[PDB]
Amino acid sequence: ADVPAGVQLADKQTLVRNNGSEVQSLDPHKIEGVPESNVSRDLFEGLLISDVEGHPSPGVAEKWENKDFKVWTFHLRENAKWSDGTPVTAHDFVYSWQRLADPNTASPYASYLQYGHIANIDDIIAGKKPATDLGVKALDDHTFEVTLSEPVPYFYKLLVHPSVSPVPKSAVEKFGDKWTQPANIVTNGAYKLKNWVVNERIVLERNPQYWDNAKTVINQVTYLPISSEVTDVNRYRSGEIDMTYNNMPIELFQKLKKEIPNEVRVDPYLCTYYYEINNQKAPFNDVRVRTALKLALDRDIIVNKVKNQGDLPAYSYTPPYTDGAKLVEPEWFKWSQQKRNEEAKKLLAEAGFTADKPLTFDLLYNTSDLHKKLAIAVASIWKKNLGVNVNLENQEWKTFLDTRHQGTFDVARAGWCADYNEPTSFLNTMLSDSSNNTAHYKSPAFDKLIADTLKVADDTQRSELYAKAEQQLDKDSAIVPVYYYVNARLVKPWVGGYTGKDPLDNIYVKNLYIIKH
């Protein structure tokens, strides 16, 4: 943290953050969500990290070079250490990226190495070549070299993500899935794990072996798993919580902006809220059905009437303000809702649905005040606008993500936030073989468009190709875009260091501080 000249620090440097749900895991290779990544950033540090405004910056690697954007060489700082005092080396990165790639690990983010195009990853994922053939090597203990199969000028932007953080081989090998328990875990970020009580709290304490430890200010941070946005606000206003999770309750938000204006933080956020359709399950394998659902949903009602927190109605997957997005807004978004409603009804009637034999399916969502209220609203809108019946189902966060991966669903609420600021952080999750493809969408035409993006060495050709890929996705109605998020949360006035400038919201507790109050 960089404490401004003249700020008075609190005697007690402790923080309590709400984190939305119980995490899937603390193992960087077994996680895919925001709550998971929030804790991961304090415990495990990769080659690069985001600074306080979100720019990619030195992490374990203090400097790096590239040759033709295909061979990337990272020079690791000599004093990077694990919490047990042992050196972080380039060998730890070799072991870790191979473990991520290994199909036996079954990481939801195995495809992050395909997104960066690390040599031989397709064959490793497919079981055709062993994980030790991955194109990474330690040239010495402090030098990590990555070889890609084609030029990727934004490659280094990928490296702040938890999936490419190091994991300690000896703990993994000795303890298996219990390696992340407090008694067994070893970490290289600013913090160490002190306590982990499922569905109660995760408590982290400063890691004195962290190379940048002298600049760490917060001594202990607690992450809570509260999924009720009402409860989070209540425990924030009672004094227990210093920073809520960034999901705000419909019940209280309008009141909060008039009661504590200065605590309500609302900033740009590169995330998209949508209804994920299971594209491989009948009758959702019929484009008419998907298009009808997409068109009949009234975004103006959801965004400005029922939620009204500053979100923007969405017509694409990739947020339009992503660095490198130059998207074409489809004509259906400019129509009136009435005209969208008639087109929808026409397509469903064309697909075989009648008043006698209507369309009925499930709408799955993760336990939450906000998502339940939006799902009830969407169910009513679809009932009234298109004659469809929906059965709402809630599941806890970890279970909900597993259900989507299993494909044991019809339609699911969903949100995707960028891992790196560039359109393929979204678009690569819809590739036929992506490990992140919970939509179960498989389009050779879409796949081809993205493959072509690294076959040109031109930024305008790439942007035009991203735009065409979004059009192909839209043409197929793979999903139902609802809104682009804003990052709204409450932050006590005494929490310093949270700028709200990072559109990825990659917060590190090592950057915060508590002002005397």
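C-alpha atoms forming the largest set that superposes within 1.5 Å between two forms make up the rigid core. Start at 1 with the first residue shown and count on from there.
J.: Aligning on the core, I want to see which stretch wanders more in 9 other deposited structures of this protein. Is it 225-233 or 403-411 by C-alpha RMS?
T.: Stretch with the larger root mean square C-alpha distance in 9 other deposited structures of this protein: 403-411.
J.: Please work out whether 81-89 or 412-420 has the higher root mean square C-alpha deviation in 9 other deposited structures of this protein relative to the shown form, with the rigid core as fitting region?
T.: Once the cores are fitted, 412-420 deviates more in 9 other deposited structures of this protein.
J.: Quick check on the record: does 352-360 or 120-128 carry the larger mean Cα temperature factor?
T.: So the stretch with the higher mean C-alpha B-factor is 352-360.
J.: Out of 385-393 and 414-422, which stretch has the higher average CA B-factor listed in the record?
T.: Mean CA B-factor is higher for 385-393.
J.: Between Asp42, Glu36, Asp459, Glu53, which carries the biggest CA temperature factor in the record?
T.: It is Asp459.
J.: Just to confirm, going by the entry's C-alpha B-factors, which of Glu173, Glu229, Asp140, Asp102 comes out highest?
T.: So the option with the highest C-alpha B-factor is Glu173.
J.: Split into thirds by Cα B-factor across the chain's modelled residues, where does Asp11 land: lowest, middle or highest?
T.: Ranked within chain, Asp11 CA B lands in the highest tercile.
J.: Going by the entry, which third of its chain does the Cα temperature factor of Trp335 land in?
T.: Top third by C-alpha B-factor.
J.: If you rank the chain by CA B-factor, which third does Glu32 end up in: lowest, middle or highest?
T.: According to the entry, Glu32 has a C-alpha B-factor in the chain's lowest third.
J.: For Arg404, return the chain-relative third of its C-alpha B-factor as stated in the PDB record: lowest, middle or highest.
T.: Lowest third.
J.: Could you say whether, by C-alpha temperature factor, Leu159 belongs to the lowest, middle or highest third of its chain?
T.: According to the entry, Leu159 has a C-alpha B-factor in the chain's lowest third.
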